[PDB]
Amino acid sequence: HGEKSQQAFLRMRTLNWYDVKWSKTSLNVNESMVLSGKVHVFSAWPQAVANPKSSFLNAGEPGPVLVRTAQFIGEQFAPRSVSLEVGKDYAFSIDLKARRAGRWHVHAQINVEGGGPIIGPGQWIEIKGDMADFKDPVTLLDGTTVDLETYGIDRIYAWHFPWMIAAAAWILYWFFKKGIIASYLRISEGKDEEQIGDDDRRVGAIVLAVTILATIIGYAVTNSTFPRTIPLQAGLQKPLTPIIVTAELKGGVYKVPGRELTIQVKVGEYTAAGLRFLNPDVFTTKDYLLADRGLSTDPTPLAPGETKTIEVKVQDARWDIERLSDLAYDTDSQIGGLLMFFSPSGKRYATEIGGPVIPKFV
Amino acid sequence: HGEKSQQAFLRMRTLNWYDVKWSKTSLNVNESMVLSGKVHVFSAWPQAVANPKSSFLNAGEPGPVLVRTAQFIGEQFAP
Amino acid sequence: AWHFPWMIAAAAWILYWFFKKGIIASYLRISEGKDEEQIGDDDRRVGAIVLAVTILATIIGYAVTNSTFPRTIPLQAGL
Amino acid sequence: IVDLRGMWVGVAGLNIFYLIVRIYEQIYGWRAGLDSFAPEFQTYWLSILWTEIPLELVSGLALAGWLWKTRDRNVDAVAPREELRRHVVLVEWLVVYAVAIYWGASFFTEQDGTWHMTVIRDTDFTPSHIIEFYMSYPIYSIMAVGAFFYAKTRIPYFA
Amino acid sequence: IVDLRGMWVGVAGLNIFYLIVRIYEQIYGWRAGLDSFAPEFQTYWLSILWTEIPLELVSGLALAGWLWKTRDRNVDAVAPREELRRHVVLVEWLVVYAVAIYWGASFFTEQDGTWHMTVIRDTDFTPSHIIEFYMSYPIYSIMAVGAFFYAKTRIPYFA
Amino acid sequence: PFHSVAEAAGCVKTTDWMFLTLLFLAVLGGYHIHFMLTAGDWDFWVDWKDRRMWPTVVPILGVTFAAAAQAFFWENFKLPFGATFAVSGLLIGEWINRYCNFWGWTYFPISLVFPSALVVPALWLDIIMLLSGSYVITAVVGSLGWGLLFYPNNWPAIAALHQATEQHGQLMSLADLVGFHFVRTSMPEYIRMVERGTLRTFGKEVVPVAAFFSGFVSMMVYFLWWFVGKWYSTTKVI
Amino acid sequence: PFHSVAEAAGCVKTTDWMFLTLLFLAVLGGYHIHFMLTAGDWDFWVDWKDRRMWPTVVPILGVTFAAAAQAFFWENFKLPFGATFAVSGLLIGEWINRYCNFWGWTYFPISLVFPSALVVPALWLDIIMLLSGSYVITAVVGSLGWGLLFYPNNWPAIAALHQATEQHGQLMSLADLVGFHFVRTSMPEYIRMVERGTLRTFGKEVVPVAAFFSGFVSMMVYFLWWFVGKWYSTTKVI
Ligand SMILES: [Cu+2]
Ligand SMILES: [Cu+2]
Ligand SMILES: [Cu+2]
Ligand SMILES: [Cu+2]
Ligand SMILES: [Cu+2]
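Residue numbers (the UniProt record's numbering), protein chains in the order written: chain A, 40 to 283, 295 to 317, 328 to 346, 351 to 426; chain B, 40 to 118; chain C, 197 to 275; chain D, 18 to 176; chain E, 18 to 176; chain F, 12 to 249; chain G, 12 to 249.
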């Protein structure tokens, strides 16, 4: 449903996806679900990609099988873009609503119009029933209760068609003044107004006035299929309220191909590719986009007031499967992501990474 | 002398004009007057309008009937 | 050793095609009625060859020079 | 003598082919060919690729041969009844070539516009993307190369 | 009768001149003409400027005069042996004009590209910059104004 | 020649009828395919269906076809069945692709997506054409309204879908929201030109054959330029 | 006329030979000078020798010369010694200037700087030309590979200089680093056009003389346009 085919490099330095869940899992024809996520905006944003100044979160809905009751991002539900910040973090979740049958993965993505569509983790949604039902409603201030997935379509065909009607009104009608051939030689051969001359002309002259007069109608009657109507709302809102350990990576190496990566983070878990690299040294997992027996550490604990030149080993399968050993291509060989460190109790102070990792092949 | 014909929306989100007065009211052929004002620059600036990074304060003088001895804005008189 | 041995297969057309008479001997050798004296067969199949020779003698480079290393990177840059 | 619908095989042999292709792309591409790394793609989908180019080369050349060595040869001097009869045909192809286009212009040309607005693009090898950039155009590109290839060798003027 | 290398003076009188110029620019420009405010520049370098333009005007006009009043005058009606003999010459100049270009196109035209990538540019009066924008082009600009100036007045057609 | 006057008339009114199509269901294509890339889908998503930005594009772009198409047919057949000949093509072209595809494939509300009305203009064109059958005249006037008419024309299909509701302390248009619901993605590629200036062209273009005679009469491109009313047909945006 | 058949043949095979040069060591110039400004030195510094950005420029730009040059020579002399006739010029042109200048003047590693290989393409061009000597055909096919071949061609001279080392916790290509070492500067000016559309032109251009007959046959510019394979010869970048 996307990814993989996204040179790691950037996919791993544009947006850090942690805390991602999903309300339901089996919504039905009309039950709502909520994409759940908190995402970090890397600090050393890839010059390649434009400034995530303006962007947008969304439904990775292969074909809209759910809907869009509303959204949550930064400190607001926004229709147009919003502004993520180089370093800060914003929470988000997005209301949808089963509308169509099927059972497909569903990603949460903050697509950046500034040159990019970055997709964070997603999760299948067993929607059940028959699209045949489903009805996404709402109501114009006027109080009028309307059903969206089927409002006005009637209006269209009822007008955006009755011209494809007055269409033949020329088509056929003008196969009277002899179609081609009977019109062609009917042309070179001396002057040929046989096609034109009067009649013919005044005939259209009419159709014209008919047509136009039969148009002032629409703009008048359709000027009453409401009396008060607005433009289309859009733009941006500078606002966006964020949320509320120190890594360095000085030293790094990884596979080619393999599924391993080492680090020398000097000062829990590890994300980057929206991927999980739990510190099994403390976990009990609660899919393919996450690594259970994730991070491999030196079990020596780091507690308040202290420090260490710690070394971290990233190992698991999904680091190859989901395309990460791709740093072969990707211009800037650097890496990126997070470091989910927790309290002896379990209260995660989280630092990030970002560093030029070096590879070694087969 | 302008305005009105300025879709509110923006006119109401670009610059906040408070504390506005005028030195004289009846200056004569050569007496100086001073436009008086303190203005706020909205926080959620309309993406429509470009960043007020560079701009300029001025005389809405329909035809120059006064002049320009100097200006005051920010912490400076700028040309 | 490579970015030259073509400035080599260079003359391979240069001279070689001064056989089917250089200019003049080719020009009037042209206006004057149809003139395939330059073309016709032979000539053509000759290149047809050189072409296949050249290309086949190119899959080489991309194969052998695909082994003057096995693993190589792009060019690193950015900010 | 002055021919009927040589368009039989034409319109028919097409509208159904093409139509169907729309059905087959309803299934597989939308329940298999929904990811290029997903096998159900490279067997029950990406299959119609090394399946289409092959043909659209032998076909391209197909008319090249047949439609050629099957020319009046001793054309020009020809039955003044035959000319405005060999057009009846010529002006028949450009009619198949006609509709033929419609698909590579008003179908898999704009259908690839609804597809863009579904998947976060895998490769230039998605469904609509496969039956357009690679199918539809080359698909009838031949038609043309024939409906002129025929017309140049089976008709006077075109010499 | 049908001439030899009138190109003697040509190719020779050039390849050495130009060549040398490359030697002289090896020294001074690169050990004097390395800064426009540095005197060793305006004497042992910027010297080849009010030294080149002067010539490239008298020279431009040079051929203008000589090459003119030295035309067949009563041309057109001319020795049918002489024509394809006065070309042997014409088609000789455009050969000097030839190589002539090469310098103002494949030398001090791209040499000024290695120079850009050395000094943090002083003025448009650096070395390569002086023997190109001012030398090389005007340098043979004349050649041309003659190898046609000759050809129009010493040959029929060109009238 | 032709045999009996009942064949000579036959293999005419039939080749003639069967002919008319060749043109349409072929020009149409070459046209839509264009109107697409040109009118960046201001004729696609109701949410892109605005006031300024929109009826300023389709208006213009929606002609170097609807125009030559005219100058074409009307010329050699003084058949004022041209300007409109074009349109329909696009409408019946898109309108088709609009259904089944968007609708029956990743089902899209026939509401969010649906082409813009043109049939009208075409007429006030093919007509200011019929009467007064000269270029310039049909250009200035004709082109003029051809754009003014645009929006006013589309009011019906458009108007209603602009009423507004208050979604979470904010304002939007039935339209807007329809765009909020049922989601999609980006643009999102490009190269889209080999297949064009290649074979599909000079492997269909050559006709010609070595000798002139052509549909290069599209010196209607002109027709378009004088559009500067469509850029007028804009300031019908307060 | 010509005197004895041993002069009449002489002052021919000699003016003819001496002639061939005039063209080459003159067209070359007018060509390189161009290929320079056009191919912004993606044919200069190995560090600019990449994948996308590069074999997308030289490819195209590297033709409205290698092309007309062809259509030129092959035309009036059905001498398929054209497309390649061009190239060499550039190569022997730059390759020259590359040495002595960059090298013997502010010495530059013959490594950091060194032109791109073209000889190959030229052939797969001057040939898909020879056989099948028609325009369009030589355009579509020919132009096509003319670009695909590009990179693959240059693999040799390029490939090796891309191995990588770890300079201070970071990664770079032999290439990259060669660019780090031995330094230079900027672009860094411009006006560069008087000398061009002046005298060097209509003071050499006029030829003509009042009457036509010309090398305006460069209606090969076309040749170039159909390049849309070179823009294809791009997506040979993963
Ligand atoms: Cu997925
Ligand atoms: Cu997904
Ligand atoms: Cu006022
Ligand atoms: Cu596409
Ligand atoms: Cu310079």
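Each residue gets a CB set at the ideal place from its N, CA and C atoms; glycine is no exception.
| query | result |
| --- | --- |
| Inter-stretch contact (C-beta, 8 angstroms, three-pair minimum) for the segment 126-139 of chain D and the segment 34-47 of chain E | no |
| Of the residues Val136(D), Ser145(D), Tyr174(D), the one placed nearest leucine 66(D), counting alpha carbons only | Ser145(D) |
| Cutoff 6 angstroms; reference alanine 140(A); Cβ partners in own chain excluding five residues on either side | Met170 |
| Member of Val78(A), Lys377(A), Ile422(A), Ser263(A) whose CA lies at the smallest distance from the CA of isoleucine 169(F) | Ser263(A) |
| Nearest neighbour of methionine 24(E), chosen from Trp62(E), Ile172(E), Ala164(E), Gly121(E) [CA to CA] | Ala164(E) |
| Option in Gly113(A), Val145(A), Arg138(A), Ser120(A) with minimal Cα separation from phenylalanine 131(A) | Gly113(A) |
| Sequence-distant residues of its chain with Cβ nearer than 8 angstroms to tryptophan 166(F) (five each side left out) | none |
| Contact set for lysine 127(A): own chain, Cβ-Cβ below 6 angstroms, skip 5 residues either direction | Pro281 |
| Limits of the alpha helix (DSSP H) - the one that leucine 102(G) falls within | 94-108 |
| Selection of the segment 150-168 of chain A by Cβ proximity to chain D, strictly under 7 angstroms | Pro156, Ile158 |
| Assigned secondary structure, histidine 79(B) (DSSP; H/G/I helix, E/B strand, else coil) | strand |
| Three CB pairs or more closer than 8 angstroms across the segment 96-106 of chain E and the segment 86-100 of chain G | no |
| Straight-line Cα distance separating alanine 273(A) from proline 85(B) | 11 angstroms |
| Ligand 4 heavy atom lying under 7 angstroms from the CB of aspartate 341(A) | no |
| Contact residues within the segment 66-90 of chain B, judged by C-beta distance below 8 angstroms to chain A | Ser82, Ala83, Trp84, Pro85, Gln86, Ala87 |
| Three-state secondary structure assigned by DSSP to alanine 130(A) | strand |
| Cutoff 6 angstroms; reference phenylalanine 95(A); Cβ partners in own chain excluding five residues on either side | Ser120, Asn150 |
| Candidates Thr49(F), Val23(F), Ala17(F), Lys24(F), of which the one nearest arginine 203(F) by Cα | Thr49(F) |
| Beta carbon shell of ligand 2 at less than 7 angstroms from a heavy atom | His40(A), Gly41(A), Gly99(A), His144(A), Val145(A), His146(A), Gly161(A) |
| Bridge-paired residues (DSSP) for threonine 176(F) | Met183(F) |
| Of the residues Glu232(A), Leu123(A), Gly102(A), the one placed nearest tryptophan 116(F), counting alpha carbons only | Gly102(A) |
| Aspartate 237(A) burial status per 10 Å Cβ neighbour count (16 or more: buried) | exposed |
| Cβ-heavy atom distance, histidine 43(F) to ligand 4, below 7 angstroms | no |
| Inside the segment 127-212 of chain G only - alpha helix (DSSP H) runs reaching at least 4 residues | 130-141, 146-159, 161-170, 185-191 |
| C-beta neighbour in chain D for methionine 204(F), strict 8 angstroms | no |
| Interface positions of the segment 145-157 of chain G facing chain F (Cβ-Cβ less than 8 angstroms), listed along the chain | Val147, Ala150, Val151 |
| Local Cβ density within 10 Å of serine 122(F), reported as buried at 16 or more and exposed below that | buried |
| Nearest-angstrom Cβ-Cβ length linking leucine 388(A) and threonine 331(A), presumed shorter than 8 angstroms | 12 angstroms between Cβ atoms; not a contact. |
| Near ligand 5: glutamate 200(G) beta-carbon under 7 angstroms from a heavy atom | yes |
| Spatial distance of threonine 32(F) from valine 112(D) (CA atoms) | 7 angstroms |
| Classification of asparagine 339(A) by the beta-carbon crowding that lies within 10 angstroms, buried from 16 upward | buried |
| Contact with chain A by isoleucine 249(G), beta-carbon distance below 8 angstroms | yes |
| Cβ-heavy atom distance, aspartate 139(E) to ligand 5, below 7 angstroms | no |
| Stretch-stretch touch, CB-based, cutoff 8 angstroms, three pairs: the segment 67-75 of chain D with the segment 59-75 of chain A | no |
| Contact set between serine 158(E) and chain G, taken where Cβ atoms lie within less than 8 angstroms | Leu210, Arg211, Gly214, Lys215 |
| Beta-ladder partner(s) of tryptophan 56(G), from DSSP | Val124(G) |
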